[PDB]
Amino acid sequence: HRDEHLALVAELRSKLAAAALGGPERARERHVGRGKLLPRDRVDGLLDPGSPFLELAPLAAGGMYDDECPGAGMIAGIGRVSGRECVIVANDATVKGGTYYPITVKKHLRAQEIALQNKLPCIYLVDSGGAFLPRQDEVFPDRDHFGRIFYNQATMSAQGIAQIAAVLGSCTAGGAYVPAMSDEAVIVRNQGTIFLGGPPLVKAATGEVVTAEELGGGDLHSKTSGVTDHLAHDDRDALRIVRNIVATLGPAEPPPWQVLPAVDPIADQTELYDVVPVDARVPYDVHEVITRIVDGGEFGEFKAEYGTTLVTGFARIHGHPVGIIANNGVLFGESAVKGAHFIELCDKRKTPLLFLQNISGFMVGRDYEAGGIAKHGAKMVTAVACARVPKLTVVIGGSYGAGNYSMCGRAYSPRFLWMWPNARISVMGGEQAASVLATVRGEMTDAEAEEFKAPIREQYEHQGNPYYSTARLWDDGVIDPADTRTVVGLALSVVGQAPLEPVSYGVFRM
Amino acid sequence: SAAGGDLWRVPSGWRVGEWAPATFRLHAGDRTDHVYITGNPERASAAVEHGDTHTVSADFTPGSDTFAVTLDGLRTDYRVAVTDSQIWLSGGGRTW
Amino acid sequence: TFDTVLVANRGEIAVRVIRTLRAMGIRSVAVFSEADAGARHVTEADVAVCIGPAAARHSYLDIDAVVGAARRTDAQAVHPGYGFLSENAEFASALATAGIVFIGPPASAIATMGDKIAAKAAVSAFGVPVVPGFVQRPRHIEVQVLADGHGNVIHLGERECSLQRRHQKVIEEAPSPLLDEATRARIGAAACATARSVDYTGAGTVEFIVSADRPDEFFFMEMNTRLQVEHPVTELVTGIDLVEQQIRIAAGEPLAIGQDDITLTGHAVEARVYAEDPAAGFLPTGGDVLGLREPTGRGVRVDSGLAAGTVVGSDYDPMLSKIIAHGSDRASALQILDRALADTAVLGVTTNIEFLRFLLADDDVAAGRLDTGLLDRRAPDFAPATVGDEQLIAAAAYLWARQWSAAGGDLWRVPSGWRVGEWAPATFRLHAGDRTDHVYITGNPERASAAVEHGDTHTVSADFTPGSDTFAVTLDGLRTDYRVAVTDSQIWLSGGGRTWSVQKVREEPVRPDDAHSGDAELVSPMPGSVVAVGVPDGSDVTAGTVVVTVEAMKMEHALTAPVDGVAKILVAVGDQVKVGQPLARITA
Ligand SMILES: *C(=O)CCCC[C@@H]1SC[C@@H]2NC(=O)N[C@@H]21
């Protein structure tokens, strides 16, 4: 299967490289020509030397907005700044002047959600022209629209999660609350401008003509209004000041579990290209994945002989303990009660959960419904929803229907979720949808059946594709399979930084 | 070496996409230039601003006074001393 | 003399040359393959060039790579050592083309002596004895010639190299015990004639065959146009640094010595420490050198490529080091060599040193009834020394004392085995050689008792120091001090004149398997139908074999035989099957 995975990963890396450039070269040239750093160089210049950077949804809005909005005009992710992992959100001013599209709002809110759930300091590198007015009804007014950004700043600030802003360019309308709501705001002299109403509105309302520097320039706010707390000479000076601010926050909390010295895996991670079929119709043993990603290949399987279409067991990844839960076929009732029992063990042992999804669904038929497969699935869903340990999800194959819910899909707030580029996600598989609808059509000629099925397959292939998923932030990114061990390892260091709530479950339908 | 294998401390420059080179701006004599290093100390590549791209391997021992660099296959062993601000090297018949 | 010399070789000979270059004051350049990047010689030289990947054909044999390194470093001459391009005329021609002095004989000599048909024609024209065409009980004898471009030729002495395993030389001597002072003068003059036959210059060695019955009846066999591995025994008996002279000759100086400056102050013997296991039939072996001790007695010399943390691999000749003893007589030199090999300890790699010691204790070797078949006849009766209780107890006591020290006095961590009643012995199951046994230790490291399964009960005291390379055990009052090294899994010990490893091994299961453990059953993972059978019923198959394919939910579940065995098939194509339905049994 290696060549198919290599082609999918080459496509992924080509898309990542294209999105990383941001706007057109004319806009990049004009940005640098004004003496600015490029948004990605702002992010890289903020990190500690050589720090990893776990970018959130780099292919957001891919294939949306006519592809005029690479990465949704935003760079978001986790990097180490002054010795702490921080969530960095930066407006890509080269993409449409940093305009917030609906996906830009969603990406910003997801970065704040990661920061809230993991207690990470937030750094906002603000440089945005405002809302995309043609779709303002999708940028404004709902609960998860642009106003929620400031609700997130305030409540995180109430918890003592530091909110830090650097105003590196325009900051206008409601966006003026990103600096003003932050605990400590930096502004670059003769670049950053903050105002609730800009020059065009001042002119339309009062007839007065003002520049954006006269109205709300960095000198005005740092000397007279007090909206800002530090005045920086340039972008590099702003990043230096932000690093000094972060150095005042003190350390992160130690993990609630024991971390051991990491042990290398027994295999080169590109061996994952050999053992996992790209075609979801080809069965394989998921132990071939597990023993390659875990430290030393050590995996203590729980209930190995029972419910064998679900694999559950304890391992370490980069020294962090994990309870791995992985699909290995169709879910049976036995598999769901196995999963629920294992989640209860991990919850009491304070062990974070790793879900490896490749699930078509539950076993169908009269004897399974009579056996109460829905009640056993509900017990697993209850355990997943109520588990107090961190949950991480990697979709390595199919992710369909109630199997998605039983395996900690996005609705269950896994602390992070990623897709492999071979994955698919939809309420059904494409062939299931085509077969069920053809069964409702009844008898038809094979040449008529194929003509009936082709639009259904096309729909579910188009909507189920990983880039369609990531474009909409249904996941935090498509990742190369061979990076899975690194990504989970990085995430395991992040999710240990929040304290655990006590164990508490809803009523298990016994 | 000081990172001790802690992924967030290791200066890998890891990215989902193309990895970032570890970047140093260094002044020596009358030359100030960036060095960009990619890979890992067992097998790396270093590129210098206004300069060429070289293969690098670097053999660091904690607390040692000697450090070895294989540069395009030429192994040279340097005495090293470091302050808060300067790196003093001596090897290959040079000291700087 | 040259200002920079390249040493186009590896290992013990590279170190040997670099040492002389450093004493002469010449800047020394090494070369290494990627497999030797941690080798000693790259650290002993002043600078080193990676010449290529591990394979010799892509490193030390790659003429363009070695000459490229010589060019890059401004090496003015190349010393080739031996065993690689030291007798390659293409290399010497490429160096001459590069303007770099090959330290050695002319390409015409190398080309002439490289074929015995041509060599015999060249040699016989100078009147040197040549074999008519077999010899009873042959003795390998060889003469070290040294020659310069000014027409001086000298013989430094002869050697005996007849102790050979499958023509692999193992132990060598200078002088030979065979010859007397009258006939060795003839052999020396004849060797000088073989050198003058081909305008030879530098060091070279002439191989003669002699019948054990007729010491005075030589025949020419070979001319080797290089320094030999054996050269140190001559270097010891003469006091002439053959490498220094070979350099000075290549630098164009005269010999600056005469036949009246040659002398033989005693007898010298050497043995080759090889990474080969004689109990496993001399199979080449390797691994990390976890720790090293090399002898430094009076009249002992060690020439070695080893350092702690070096890796031994199969890419090259398994030669590791040479132990050389020089004494007043053959028996004294053999005693000094035996004492040295008793001190030589390589941890992490199994070596022939015990086989060398066995040969050095053979009556034929001690009395000197050598012949080129002797070792091949003697080796089938070598056996390794039994794993005594001491060899298990010393490892058990090391593991136990290490654990006791690491506990730091914390009662729950101290391996005391404390009980309200009789205390539990600290129990180790240890494998060494062909012996697996338990050691039971009671007491404390200062005063303990150890009992071995199938063995005796011994008093033990164990003196462990954190981070020390040495550990001492007083066993029934006999104090022995061991060099010790430990991995995740093996303990390597050297002391009391022997070296071994011990493995800590799992307990045996208390219940042995029934033969049913060789059998297996294949069951359908899904309800579906059998769409293919890949194996005829009741047939032998291997664990790679697809036996039955079930289709369910449009997925082909091809089930693979988990074991080699007779596969019996329980279903036919088109059969509907249930979850867990046996589809085949496979039996041992
Ligand atoms: C063929 O096109 C139908 C495939 C879908 C049915 C199977 S049944 C068992 C799995 N559970 C589910 O919901 N779909 C899968």
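Side-chain atoms are counted along with the backbone in the values below, which use heavy atoms only and exclude waters and symmetry mates. Per chain, numbering begins at 1; letters A, B, ... match sequence-line order.
In this structure, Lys303(A) forms no cation-pi arrangement with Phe342(A), as its terminal cationic atom is not both closer than 6.0 Å to the ring centre and no more than 45° off the ring axis. Geometrically, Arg457(A) does not engage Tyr460(A) in a cation-pi contact, judged by NZ or CZ lying under 6.0 Å from the ring centre and within 45° of the ring axis.
No donor-acceptor pair under 3.5 Å is formed between the side chain of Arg388(A) and the backbone N or O of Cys386(A). Between the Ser14(A) side chain and the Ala10(A) main chain, no donor and acceptor come within less than 3.5 Å of each other. Checking side-chain atoms of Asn118(A) against main-chain N and O of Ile114(A) turns up a donor-acceptor pair under 3.5 Å. At distances below 3.5 Å, at least one donor-acceptor pair connects side-chain atoms of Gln269(A) with backbone N or O atoms of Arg292(A). Within the 3.5 Å criterion, the main-chain N or O of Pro256(A) finds no donor-acceptor partner in the side chain of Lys350(A). A donor-acceptor pair is defined here as one N or O able to donate and one able to accept, closer than 3.5 Å; such a pair exists between the side chain of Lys107(A) and the backbone of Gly71(A). With hydrogens and angles disregarded, no donor-acceptor distance shorter than 3.5 Å links the side chain of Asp483(A) to the backbone of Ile479(A). A distance-only check finds no donor-acceptor pair linking the side chain of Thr291(A) to the backbone of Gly297(A) [under 3.5 Å]. A donor-acceptor pair under 3.5 Å is formed between the side chain of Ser435(A) and the backbone N or O of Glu431(A). Between the side chain of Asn327(A) and the backbone N or O of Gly329(A), no donor-acceptor pair lies under 3.5 Å.
Proximity of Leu354(A) to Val394(A): side-chain heavy atoms (C-beta onward) are separated by under 4.5 Å at one or more points. Counting heavy atoms from C-beta outward, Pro481(A) and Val9(A) have side chains that approach closer than 4.5 Å. A heavy-atom distance below 4.5 Å is not found between the side chains of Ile37(B) and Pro21(B). The side-chain heavy atoms of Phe355(A) and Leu392(A), taken from C-beta on, include no pair separated by under 4.5 Å. Under the 4.5 Å side-chain criterion, counting only non-hydrogen atoms from C-beta, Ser335(A) is not in contact with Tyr306(A). Residues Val530(C) and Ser524(C) form no side-chain contact, since every pair of their non-hydrogen atoms from C-beta on lies 4.5 Å or further apart. Counting heavy atoms from C-beta outward, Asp475(A) and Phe416(A) have side chains that stay 4.5 Å or more apart. Counting only heavy atoms from C-beta outward, the side chains of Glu4(A) and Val276(A) never approach each other to under 4.5 Å.
Here the CG atom belonging to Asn422(A) is positioned 11.0 Å from the CG atom belonging to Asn465(A), to the nearest 0.5 angstrom. Within the model, atoms OG1 of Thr351(A) and CD1 of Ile324(A) stand 11.5 Å from one another, a figure rounded to the nearest 0.5 Å. Summarising the geometry, atom CG belonging to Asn358(A) is positioned 8.5 Å from atom OH belonging to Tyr400(A); distances are rounded to the nearest 0.5 Å. Considering CZ of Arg415(A) and CG of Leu492(A), their distance stands at 11.0 Å, rounded to 0.5 Å. Distance CE/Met380(A) to CG/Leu331(A): 6.5 Å, rounded to 0.5 Å. From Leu54(A), atom CG reaches atom CH2 of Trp8(B) across 5.5 Å, with rounding to the nearest 0.5 Å.
For the residue pair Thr270(A) and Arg2(A), a side-chain donor N or O sits within less than 3.5 Å of a side-chain acceptor on the partner. Looking only at atom types and distance, the side chain of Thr309(A) has no donor-acceptor partner in the side chain of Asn328(A) under 3.5 Å away. At a cut-off of 3.5 Å, with distance as the only test, no side-chain donor of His341(A) or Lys338(A) sits close to an acceptor on the other residue. Between the side chains of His376(A) and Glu334(A), not a single donor N or O lies within less than 3.5 Å of an accepting N or O. Checking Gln357(A) against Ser399(A) by side-chain atom types alone, a donor-acceptor pair falls below 3.5 Å. Remark: the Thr484(A) side chain and the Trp420(A) side chain contain an N/O donor-acceptor pair separated by less than 3.5 Å.
Heavy-atom contacts from other residues, nucleotides or ligands closer than 6.0 Å to CZ of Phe362(A) number more than 12. Residue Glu288(A) places its CD atom among more than 12 non-hydrogen atoms of other residues, nucleotides or ligands, all under 6.0 Å distant.
Considering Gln117(A), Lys119(A), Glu85(A) in turn, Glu85(A) is the only one that fulfils the side chain to side chain donor-acceptor pair (under 3.5 Å) rule with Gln497(A).
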Next on the checklist: Between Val550(C) and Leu583(C), is the side chain to side chain contact (heavy atoms under 4.5 Å, CB included) condition met? List the steps.
Outcome noted: CA-CA 9 Å; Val550(C) 172; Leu583(C) 309 184; 3.4 Å; yes

Item to check | Derivation of the side chain to side chain contact (heavy atoms under 4.5 Å, CB included) call for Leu353(A) and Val322(A) | outcome: CA-CA 6 Å; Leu353(A) 290 165; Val322(A) 283; over 6 Å; no

Next on the checklist: Under the criterion salt bridge (charged side-chain N to carboxylate O under 4.0 Å, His left out), I'd like the reasoning laid out for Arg13(A) against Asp480(A): C-alpha separation, chi angles, the key distance, then a yes or no.
Outcome noted: CA-CA 8 Å; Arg13(A) 292 189 181 291; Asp480(A) 171 358; 3.0 Å; yes

Checklist entry - Where do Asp295(A) and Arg485(A) land on the salt bridge (charged side-chain N to carboxylate O under 4.0 Å, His left out) test, with the steps shown first? => result CA-CA 9 Å; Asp295(A) 287 12; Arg485(A) 187 177 182 262; 2.5 Å; yes

Next on the checklist: Show, in sequence, the C-alpha distance, side-chain angles and deciding distance for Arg410(A) and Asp476(A), and conclude whether the salt bridge (charged side-chain N to carboxylate O under 4.0 Å, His left out) test is met.
Outcome noted: CA-CA 10 Å; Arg410(A) 198 61 154 184; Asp476(A) 302 313; 3.0 Å; yes

Next on the checklist: With salt bridge (charged side-chain N to carboxylate O under 4.0 Å, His left out) as the criterion, how do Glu461(A) and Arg424(A) come out once you've worked through the C-alpha distance, each side chain's angles and the decisive distance to 0.1 Å?
Outcome noted: CA-CA 8 Å; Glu461(A) 181 61 10; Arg424(A) 294 294 181 276; 2.9 Å; yes

Next on the checklist: For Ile103(A) and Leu473(A): C-alpha separation, side-chain torsions, deciding distance, then whether side chain to side chain contact (heavy atoms under 4.5 Å, CB included) applies.
Outcome noted: CA-CA 8 Å; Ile103(A) 297 301; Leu473(A) 272 287; 4.0 Å; yes

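Across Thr486(A) and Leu7(B), no two heavy atoms sit closer than the pair O-CD1, 4.0 Å. When all heavy atoms of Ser493(A) and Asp6(B) are compared, the pair lying nearest together is OG-OD1, 4.4 Å. The two atoms that bring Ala326(A) and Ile290(A) nearest to each other are CB-CD1, 4.1 Å, heavy atoms only. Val81(A) and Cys86(A) get closest at one heavy-atom pair: CB-SG, 4.2 Å. The two atoms that bring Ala22(B) and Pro11(B) nearest to each other are CB-O, 4.3 Å, heavy atoms only. Annotation for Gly361(A) and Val330(A): closest pair O-CG1, 3.3 Å, computed over non-hydrogen atoms.
Ring orientation note: the planes of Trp14(B) and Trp19(B) are tilted relative to one another, at an angle of 30° to 60°. Ring geometry for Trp257(A) versus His320(A): interplanar angle over 60°, hence perpendicular rather than tilted (30 to 60°).
If you look at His1(A) and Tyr273(A), their ring centroids are not closer than 6.0 Å.
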